[PDB]
Amino acid sequence: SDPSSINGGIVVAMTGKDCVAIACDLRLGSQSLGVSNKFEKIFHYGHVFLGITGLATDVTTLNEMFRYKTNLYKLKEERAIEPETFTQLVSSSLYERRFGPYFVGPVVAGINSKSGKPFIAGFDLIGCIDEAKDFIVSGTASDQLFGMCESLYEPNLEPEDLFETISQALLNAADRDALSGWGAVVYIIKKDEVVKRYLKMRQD
Amino acid sequence: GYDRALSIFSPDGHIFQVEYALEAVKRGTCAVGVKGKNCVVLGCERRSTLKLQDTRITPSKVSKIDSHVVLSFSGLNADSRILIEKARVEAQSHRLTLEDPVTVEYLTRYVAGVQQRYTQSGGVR
Amino acid sequence: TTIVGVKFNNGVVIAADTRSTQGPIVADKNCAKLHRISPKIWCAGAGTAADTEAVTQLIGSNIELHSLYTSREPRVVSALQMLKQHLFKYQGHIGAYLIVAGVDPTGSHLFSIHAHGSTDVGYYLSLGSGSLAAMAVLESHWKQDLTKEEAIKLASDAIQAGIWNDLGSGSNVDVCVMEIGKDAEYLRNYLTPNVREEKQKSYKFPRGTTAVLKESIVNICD
Amino acid sequence: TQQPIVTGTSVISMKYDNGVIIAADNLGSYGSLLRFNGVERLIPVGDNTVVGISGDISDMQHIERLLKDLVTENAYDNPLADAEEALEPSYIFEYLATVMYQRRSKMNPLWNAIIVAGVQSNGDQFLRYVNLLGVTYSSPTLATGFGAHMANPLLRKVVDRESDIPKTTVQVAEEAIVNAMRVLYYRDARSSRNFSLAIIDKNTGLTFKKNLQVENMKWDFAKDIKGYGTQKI
Amino acid sequence: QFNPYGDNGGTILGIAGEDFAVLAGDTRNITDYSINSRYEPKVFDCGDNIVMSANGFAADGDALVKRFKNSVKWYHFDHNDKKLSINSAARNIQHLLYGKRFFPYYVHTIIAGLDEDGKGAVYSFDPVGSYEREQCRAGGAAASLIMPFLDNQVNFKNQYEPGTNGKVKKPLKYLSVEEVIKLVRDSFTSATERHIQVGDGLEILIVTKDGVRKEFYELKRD
Amino acid sequence: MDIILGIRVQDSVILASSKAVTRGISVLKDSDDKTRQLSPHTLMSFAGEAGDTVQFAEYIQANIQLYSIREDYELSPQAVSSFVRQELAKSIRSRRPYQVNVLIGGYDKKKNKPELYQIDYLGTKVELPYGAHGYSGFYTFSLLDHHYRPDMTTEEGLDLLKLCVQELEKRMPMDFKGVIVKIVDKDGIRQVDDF
Amino acid sequence: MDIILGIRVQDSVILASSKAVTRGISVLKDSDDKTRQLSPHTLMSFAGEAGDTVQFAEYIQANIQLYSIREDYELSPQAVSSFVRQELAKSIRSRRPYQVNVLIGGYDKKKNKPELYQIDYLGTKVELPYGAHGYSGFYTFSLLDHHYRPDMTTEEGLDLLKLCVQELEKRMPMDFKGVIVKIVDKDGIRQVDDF
Amino acid sequence: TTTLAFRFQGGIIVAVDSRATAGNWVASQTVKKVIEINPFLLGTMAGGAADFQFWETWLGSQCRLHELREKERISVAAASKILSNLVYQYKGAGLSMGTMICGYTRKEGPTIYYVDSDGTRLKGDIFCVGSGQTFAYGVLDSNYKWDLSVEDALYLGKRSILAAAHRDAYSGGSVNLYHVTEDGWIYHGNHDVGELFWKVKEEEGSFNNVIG
Amino acid sequence: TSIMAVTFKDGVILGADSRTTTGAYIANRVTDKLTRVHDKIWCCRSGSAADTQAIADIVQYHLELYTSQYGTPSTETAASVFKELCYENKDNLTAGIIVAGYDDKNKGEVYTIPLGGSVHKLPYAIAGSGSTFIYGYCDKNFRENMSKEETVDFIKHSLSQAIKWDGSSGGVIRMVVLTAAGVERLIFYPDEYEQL
Ligand SMILES: *[C@@](C)(CO)[C@](*)(O)[C@H](CC(C)C)NC(=O)[C@H](Cc1ccccc1)NC(=O)[C@H](CC(C)C)NC(=O)[C@H](CCc1ccccc1)NC(=O)CN1CCOCC1
Ligand SMILES: *[C@@](C)(CO)[C@](*)(O)[C@H](CC(C)C)NC(=O)[C@H](Cc1ccccc1)NC(=O)[C@H](CC(C)C)NC(=O)[C@H](CCc1ccccc1)NC(=O)CN1CCOCC1
Ligand SMILES: *[C@@](C)(CO)[C@](*)(O)[C@H](CC(C)C)NC(=O)[C@H](Cc1ccccc1)NC(=O)[C@H](CC(C)C)NC(=O)[C@H](CCc1ccccc1)NC(=O)CN1CCOCC1
Ligand SMILES: [Cl-]
Ligand SMILES: [Mg+2]
Ligand SMILES: [Mg+2]
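Residue numbers (PDB author numbering), protein chains in the order written: chain W, 1 to 204; chain C, 1 to 125; chain V, 1 to 222; chain M, 1 to 233; chain L, 1 to 222; chain X, 1 to 195; chain J, 1 to 195; chain K, 1 to 212; chain b, 1 to 196.
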């Protein structure tokens with residue numbers, strides 16, 4: 001009965017030379033029982049990408065909530081929300097439920113359309129912003145991901161090289177966690193093109 | 001506890017207490033065992049200086065250790081009961097742990113082991 | 001965390017480390033613990049990270065509105081009063097431990113606030129898990145009539161004590177100087193004595209190392 | 001299973017070029033009550049070792065008796081008891097470390113933190129820690145209780161690693177110890193002003209200093225502090 | 001109520017090569033948020049070309065090493081100075097650990113050396129005596145950080161041959177002592193960055209047919 | 001309440017639900033239908049806490065029927081499942097949450113495709129080819145992983161379902177008194193009487 | 001372990017014992033014989049804590065068999081039941097008691113009478129015309145109160161027993177996988193293979 | 001864990017996974033869960049690693065002493081009962097064991113005995129033990145017949161572990177196969193789930209839930 | 001804490017140590033526990049720092065608003081406001097407060113308010129953890145109508161002992177003198193009071 005580790009799952013994000021990458025596993029389980037291998041944890045609102053780990057019902061609820069809020073934002077502002085602004089919206093929304101929080105570990109990733117600067121950020125369940133130059137990790141194999149990223153990562157990686165680094169970080173972290181795995185997805189994000197790749201990994 | 005080494009070696013290399021125990025066997029009533037092609041037969045002597053005996057209740061010379069093994073003896077009658085009892089207990093203990101009744105060799109080996117233990121234990125003959 | 005505050009001749013200086021933990025794991029190696037309440041009132045925060053940021057922003061927001069309403073520069077005691085009454089109301093459940101400092105028309109000030117809403121006044125203060133390491137240094141080297149440069153040195157030395165000796169604290173030293181009659185200068189990463197050494201090997205993979213099942217272009221446009 | 005009753009607070013220590021220094025205050029606390037004031041918590045063993053003990057005082061007195069008895073037992077049938085076969089600091093420590101771990105393993109611990117400071121026969125500085133759990137470790141500076149949190153940071157500014165030991169004199173080392181004791185008096189609510197200090201040097205031997213006091217304290221700045229925020233008077 | 005266990009932190013790492021084996025471990029000793037020692041070794045030469053480390057609760061760790069060292073001594077006395085093979089040592093350690101099955105040694109034991117064919121060997125134990133020979137094992141506080149990295153770099157897990165459509169795996173091969181030490185150093189610098197209980201120094205013990213060599217490297221002290 | 005299963009095949013969705021209602025040491029009933037029709041082409045089975053199950057099922061049923069009358073239009077299975085999920089997602093943070101797990105089998109008439117949704121009491125929704133709630137999954141999932149194919153017929157799906165029930169009857173501790181099987185397809189909802 | 005029944009009729013004692021061995025959510029075995037022959041004309045069925053049941057049954061079996069060899073004589077059912085009770089009565093105040101309930105069915109050859117003894121894990125012995133352990137009694141006792149007669153035949157007793165098993169299969173929550181039935185009479189012990 | 005062993009026309013198949021876990025931490029993917037006790041006896045391990053590794057090894061020592069003393073290989077019944085009587089002495093102390101003593105002897109034939117830490121001892125034809133036992137049962141039961149060939153029986157044992165390895169989070173790594181005949185046990189290789197899953201998916205056409 | 005308030009011929013004097021603790025750590029060694037609620041009505045704070053501060057802040061607000069409408073409040077009135085807060089919120093407060101003030105009519109007055117929220121008017125009052133050790137001393141040494149110098153010595157010697165025995169008390173001895181003359185602040189450092 002630990003909300004954050006009932007369903008399981010992981011998300012990781014990285015920066016590169018004029019690009020960002022965000023990746024997640026596909027597992028949804030009920031403790032030991034694997035239930036679904038199609039449960040994607042990364043969503044996007046315009047060009048801003050959001051990954052969410054933790055309790056699956058809250059993952060779904062928050063996705064629907066941020067779609068709701070970014071749609072109204074766009075109608076009133078007459079422009080797409082930027083990663084820096086969206087990061088603040090996520091923090092506000094999570095802290096609004098300070099004493100009854102969503103059991104989640106969200107991760108923002110995207111490129112600012114005006115400045116062109118790559119941006120990533122992470123949060124705890126009550127909305128504390130964790131900004132980073134290099135990488136952000138989240139989920140039941142966060143310890144594993146921290147170890148993989150801290151050793152494998154180097155700055156200013158090209159999109160094609162960055163793909164390899166983030167993928168290997170996720171896969172090898174997922175294989176050392178019982179509640180993560182069962183497939184994986186990687187998003188490579190450039191200024192005006194976004195490639196999505198499904199990884200082949202062990203299915204146990 | 002009584003500790004005295006009663007069974008000990010002598011200058012000529014004999015253990016007199018064991019050898020004197022054989023004399024007690026030599027005094028005992030005769031017992032014979034003959035095995036055929038598909039059977040074994042145990043014969044036993046009963047001395048006839050005892051009339052007015054009640055043969056219904058008098059301890060029989062041949063004893064069942066299990067349903068498939070028997071034991072006869074010659075020597076001190078009181079001593080034999082102790083060996084028979086130990087043997088019967090070990091027979092049931094073997095069935096309990098191994099889930100199979102004792103072999104005749106195993107049962108013999110156990111009884112013989114008991115007898116040996118009394119030849120180099122303190123305070124016993 | 002380790003956070004400190006030190007008063008000097010013509011103002012006050014505050015400092016902080018830059019480690020953010022998640023159990024025994026370092027979540028952020030260079031997080032900012034110095035917060036701006038108003039242009040010349042700054043705040044060092046320890047405890048629950050979300051709470052220190054949220055409570056400092058809320059009071060900062062209300063201070064700005066108050067400043068505009070009264071046509072006056074905000075006072076440190078106003079921020080102090082608003083913070084303590086907020087924290088007290090929540091009976092310690094908002095885990096914010098703050099060192100509040102700044103300059104205003106009354107003068108220069110230095111306070112600390114605890115989660116349950118109690119406030120303290122002092123010439124030198126330290127809060128957080130590494131406060132004992134820091135307070136040891138402050139109690140050893142503090143004196144009356146410190147200069148600006150002496151107070152920065154003392155403050156950063158007190159943070160360093162926390163960085164090295166406390167496992168809760170680490171990485172870099174952030175400083176903010178608030179002098180009377182001058183703009184407050186925020187010295188982000190004032191010291192960086194924990195630079196990561198060159199790695200023994202590059203872990204750049206040959207292209208094609210990762211096995212792929214599907215590719216697809218994602219539509220971000222309308 | 002125990003609970004400590006009469007207790008002793010921090011024991012602090014460090015190494016310097018020719019030997020080791022160790023100190024501990026003279027207080028025997030009874031919870032919040034500062035009950036006993038004449039309590040010596042540094043106990044010499046021979047002319048080359050000093051054992052500093054914190055925690056339960058009844059258990060400290062038991063350990064005193066064990067060490068006292070150890071000296072007696074070593075002298076038995078030993079013509080070189082005051083020479084080559086004298087008790088070394090390393091022997092005394094290992095004995096205590098053995099006892100502490102055995103007692104924790106029987107779920108009946110000696111509720112103490114102990115620091116054995118001394119100089120070996122070959123001149124080498126000895127300084128090692130052991131506690132109720134049987135945990136042992138050595139370091140240029142060692143401290144128990146609040147000393148671990150407040151003294152170590154200050155003493156490590158003097159001797160931060162091994163190579164700083166030859167560069168540290170007895171004058172500089174003692175100064176740092178005395179300063180640490182003052183800081184503990186400011187900040188530890190179960191400490192006293194009075195304390196004892198001991199130096200074990202490879203040349204000048206054992207120097208035991210009793211009835212020391214914390215002095216040169218800063219309190220004058222208190223008069224300027226009024227209220228807790230808004231008060232002006 | 002008295003709690004007989006404690007956590008002294010630290011982390012250890014064993015890797016096996018073709019004709020050698022390394023057993024590394026940081027030199028930091030801690031309790032809660034305090035540093036006890038920056039240099040307290042916990043990797044030991046136990047004789048017969050067997051190196052050992054028991055990480056976790058140091059009191060239990062020391063006791064175990066002490067007992068195994070003694071077990072080696074009596075093995076010589078009782079069996080005509082015969083060399084204790086690494087496989088025999090491993091089985092002996094199981095019985096030492098399992099002997100306290102109902103009041104366990106709170107430690108993660110790793111031993112390293114050469115097997116009877118002269119090839120590198122690493123065995124790892126749980127607290128109650130279960131053991132397994134492996135090419136690779138991290139233990140202790142930062143084990144979860146280091147281990148997945150080793151799977152990737154030592155055993156080449158999740159790495160496929162470029163251009164083979166993820167059909168051909170990257171072939172297994174022995175690493176040189178130079179390449180292994182590179183991985184050890186990078187593993188510990190990464191662990192130091194993200195784990196608070198890991199730092200100060202790194203001590204590596206290398207085991208070849210010629211004997212037991214040592215190497216020491218500084219780690220970040222925050 | 002205990003056993004509810006669901007299998008999506010080529011042209012239909014099949015729901016199987018146990019008939020037993022047990023109370024303490026007594027099986028009170030052996031013919032219980034653990035399902036409600038939400039709309040002509042949408043069926044919801046349920047299992048969980050006593051009372052909560054039926055109360056929740058009928059509450060959803062009423063809301064979907066209200067929608068159908070208002071708009072003179074049938075909501076898609078996807079739309080119904082999202083409504084149900086939100087209601088459960090609200091519930092979990094209430095003073096007293098609905099402890100009800102559901103399977104929603106429906107036939108989307110616009111897409112001409114069968115759809116099976118699994119939703120637990122927390123509001124955790126997933127679309128699946130085959131689904132189960134409770135301990136049933138621990139037997140059936142592995143079995144279906146092996147024998148299931150995406151292009152199966154309704155008859156093949158019923159045989160696949162028989163294989164599951166047989167396994168449950170062999171290895172499950174409790175007697176769940178067989179199952180009621182219902183099929184959802186283009187022509188609506190119908191019950192298999194002989195199973 | 002769960003269901004053990006016993007019925008004493010005119011000329012015999014009939015014991016029925018469930019075949020299921022369940023562990024967690026898995027029926028490990030459906031052909032388990034929960035009984036031991038203590039002597040040619042004495043049979044003991046058992047139910048309770050896992051491990052304890054067989055360990056206790058075999059321990060008693062060994063002791064009665066030892067007695068039989070020593071005296072070349074079969075102990076009466078009454079004598080055996082008193083021995084068993086005393087062992088359980090010792091057990092209940094031990095460091096770890098045997099959590100085993102037993103029924104002892106026997107035919108006394110001296111009296112030419114069948115005898116059924118019910119003994120629980122506390123050492124509570126009673127001679128009965130019909131007996132049961134666990135939840136089984138809550139169904140069977142009332143049924144037997146109605147249908148049982150003291151002069152019944154073995155065949156009438158088996159039909160009476162079928163009536164009990166049917167009721168248990170209808171109203172019991174758990175699937176106990178039928179029963180093994182054994183008859184104790186003047187000619188000894190035999191098993192009914194088709195039940 | 002997931003372990004199984006079933007009896008059939010051509011002897012006994014024994015299959016196990018190779019994962020070890022400490023909570024959600026995957027500690028190992030290469031653990032041996034079959035003990036080679038003697039050339040005719042096998043023992044499977046599900047529960048506490050140390051308990052199994054220690055006591056089933058000890059069991060082998062007791063089996064060796066039996067054949068020295070009795071000049072005859074120990075029966076599967078007697079071997080299993082030594083272990084069951086041992087763990088019964090420790091009942092309540094907290095041992096965690098679910099094992100299967102599998103072997104062939106002349107008098108018994110192929111025999112499997114389930115033994116666990118609360119003292120249960122059961123002879124049987126089919127058993128699955130471990131956290132993923134139910135997943136293995138599902139596939140095994142639905143495909144089991146007595147008249148299976150040696151080739152088909154080996155595969156079913158392998159496929160059943162794979163099924164559990166896939167669904168059970170605490171099962172995986174690789175499959176270890178064994179076949180026990182009148183002549184003794186024969187090892188049938190280590191099979192990594194990494195490669196085995198995709199190989200089985202493609203060739204068999206199963207596992208359609210997974211993104212191919 | 002160790003705190004006290006003592007009436008005398010010319011008015012009343014409040015006294016306090018300066019130690020604030022978190023367990024055995026001294027969070028503040030120069031604390032000011034003597035706080036103003038009105039010109040010549042002050043209080044000594046013991047118990048929770050947060051609670052006593054929050055209470056004192058509210059009382060100061062009430063008495064300021066009282067003064068705006070009805071002029072200078074009596075010391076009794078101030079004590080009643082403290083009582084009202086302490087009593088009605090007894091379940092959520094840990095505050096032991098001594099109220100002391102100087103009227104011209106009533107001269108020096110002392111009211112003590114323990115945990116319950118009861119009010120007790122006394123010639124002198126002692127409170128806080130360290131007060132337990134000086135009940136004997138204070139009872140034997142207190143006299144009515146003492147002089148300023150005698151009352152200062154009485155408080156100094158009393159708190160000196162309370163500090164000596166109580167680990168939860170220490171630092172400097174702060175005092176506040178309330179008379180017709182005005183308001184005087186006094187401080188006494190360890191080097192003086194320890195060797196008394
Ligand atoms: C020093 C470093 C030690 O305290 C400083 O005081 C810093 C202060 C800076 C960062 C402002 N303190 C922390 O870093 C603080 C320590 C801490 C941890 C937990 C409780 C209280 C204090 N760390 C945090 O606040 C982290 C910050 C992260 C990186 C955003 N947050 C967490 O650890 C949260 C705690 C949230 C919380 C909830 C309810 C009451 C109190 C705090 N915990 C998690 O995220 C754990 N878990 C992860 C999996 O998803 C579910 C939540
Ligand atoms: C499947 C794979 C899991 O359900 C199987 O059941 C396997 C059987 C194989 C290994 C023979 N079981 C396990 O993997 C087993 C699960 C388990 C654990 C503990 C009790 C019962 C069952 N895992 C273990 O035994 C692991 C082995 C690996 C090498 C770590 N060991 C532990 O969990 C140990 C010892 C457990 C223990 C038992 C009795 C008394 C004390 C301890 N514990 C730890 O390692 C603790 N943990 C390690 C990480 O650091 C934090 C503490
Ligand atoms: C003497 C010391 C004792 O009577 C005095 O009465 C002074 C009164 C002056 C300062 C007004 N009292 C204290 O110093 C007071 C003692 C105390 C402690 C706990 C409850 C009631 C009274 N100390 C405090 O109020 C401190 C001051 C902070 C450090 C600035 N606060 C705490 O110790 C907080 C308060 C929490 C609390 C508990 C019960 C009621 C209200 C508030 N306690 C902690 O933070 C506990 N801490 C958790 C982390 O581990 C260390 C202990
Ligand atoms: Cl205060
Ligand atoms: Mg799995
Ligand atoms: Mg640090």
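Just so you know, even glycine gets a beta-carbon here, dropped at the ideal spot from N, CA and C.
In the structure shown, what three-state DSSP assignment does residue i receive?
{"i": "W:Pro159", "result": "helix"}
{"i": "L:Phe2", "result": "coil"}
{"i": "V:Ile14", "result": "strand"}
{"i": "K:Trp185", "result": "strand"}
So if DSSP puts residue i in a beta bridge, which residue, or which two residues, is it bridged to?
{"i": "W:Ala23", "result": "W:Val12, W:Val186"}
{"i": "J:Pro97", "result": "Answer is none; J:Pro97 lacks a bridge partner."}
{"i": "W:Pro106", "result": "W:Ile52"}
Less than 9 Å separating the beta-carbons of residue i and residue j?
{"i": "M:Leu197", "j": "M:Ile177", "result": "yes"}
{"i": "L:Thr192", "j": "L:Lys209", "result": "no"}
{"i": "V:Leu127", "j": "V:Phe8", "result": "no"}
Give a single yes or no on whether residue i has its beta carbon closer than 8 Å to a heavy atom of ligand 7.
{"i": "K:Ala20", "result": "Judged by which ligands are present, ligand 7 is missing from the structure shown, whose ligands are ligand 1, ligand 2, ligand 3, ligand 4, ligand 5 and ligand 6."}
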